[PDB]
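Just below is one structure, and these are the notes that go with it.
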There are 2 protein chains.
Amino acid sequence: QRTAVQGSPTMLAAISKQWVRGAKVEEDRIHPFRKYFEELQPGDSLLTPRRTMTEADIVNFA
Amino acid sequence: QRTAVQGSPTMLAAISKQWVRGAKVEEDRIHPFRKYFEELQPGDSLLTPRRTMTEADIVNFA
C-alpha cells in the first residue's frame, strides 16, 4: 500500500529510518568516517572547518 | 641541590612531570589540539596518518 506521510522533517526521518533534509542531527566529537557500519546511525553529522575561496584557487584548478 | 636521577624514561617522566623520549604515552581518540590547557597532560600523544614522498613533492617544494 502506498501512503503519503506529512509532518515535520524530524518525524519523517524517524518514520523512514533515513535522514531527510531539515531533520535533527547528532554530533559526536568522533569523526563519522571512523565509525563502523553497526555504530553508524542515520543523522550522525559533522560540521567541517571553513575554506576561503581565492582567485588563486580558480587559477590553480583551471 | 642538584641531583642526577637514573631510571627508565617512564619513571623519569613521572618524576619530572614532563614527557621524555622513550616514555609511555597515552592516546585518546580526541585530537590533542582540541583539548584546553587544563585537560592536557604531558604524554598525550597522536599518531598521524602517512604521506608517501614522491619526486613531484621535491619539484613542487623547490
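Within the range B:41-58, being in a helix (DSSP H, G or I) and either in contact with a strand residue (DSSP E or B) (Cβ under 6 Å, 6 or more places away or on another chain) or aliphatic (A, V, I, L, M) (or both) holds for B:56, B:58.
Report yes if residue B:49 is surrounded by 10 or more Cβ atoms within 10 Å (Cβ to Cβ) and closer than 30 Å to residue A:48 by Cα, otherwise no. Answer is no for this residue.
Remark: pairs (first residue in the range B:22-49, within 14 Å of another protein chain (Cβ to nearest Cβ); second residue in a helix (DSSP H, G or I); Cβ separation under 6 Å; 6+ apart in sequence or on different chains) = B:46/B:32.
Residues are listed down the side, and each one gets a yes or a no for (1) over 13 Å from the mean Cα position of the chain (by Cα); (2) assigned to a loop (DSSP other than H, G, I, E, B); (3) under 26 Å from residue B:34 (Cβ atoms):
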position	(1), (2), (3)
A:6	yes, yes, no
A:11	yes, no, no
A:14	yes, no, no
A:19	no, yes, yes
A:23	no, yes, no
A:29	yes, yes, yes
A:33	no, no, yes
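Do we have residue A:6 as more than 14 Å from chain B (Cβ to nearest Cβ), within 23 Å of residue B:30 (Cβ to Cβ) and of a type outside the set (A, V, I, L, M, F, W, C) here? Full working, then the answer.
Numbers: more than 14 Å from chain B (Cβ to nearest Cβ): yes; within 23 Å of residue B:30 (Cβ to Cβ): no; of a type outside the set (A, V, I, L, M, F, W, C): yes.
It is false that residue A:6 is more than 14 Å from chain B (Cβ to nearest Cβ), within 23 Å of residue B:30 (Cβ to Cβ) and of a type outside the set (A, V, I, L, M, F, W, C).
Here, each number is a calculation from the coordinates, and none is a lab measurement. With ideal geometry, Cβ positions are generated from the backbone for all residues, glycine too; neighbour counts draw on all protein chains shown.
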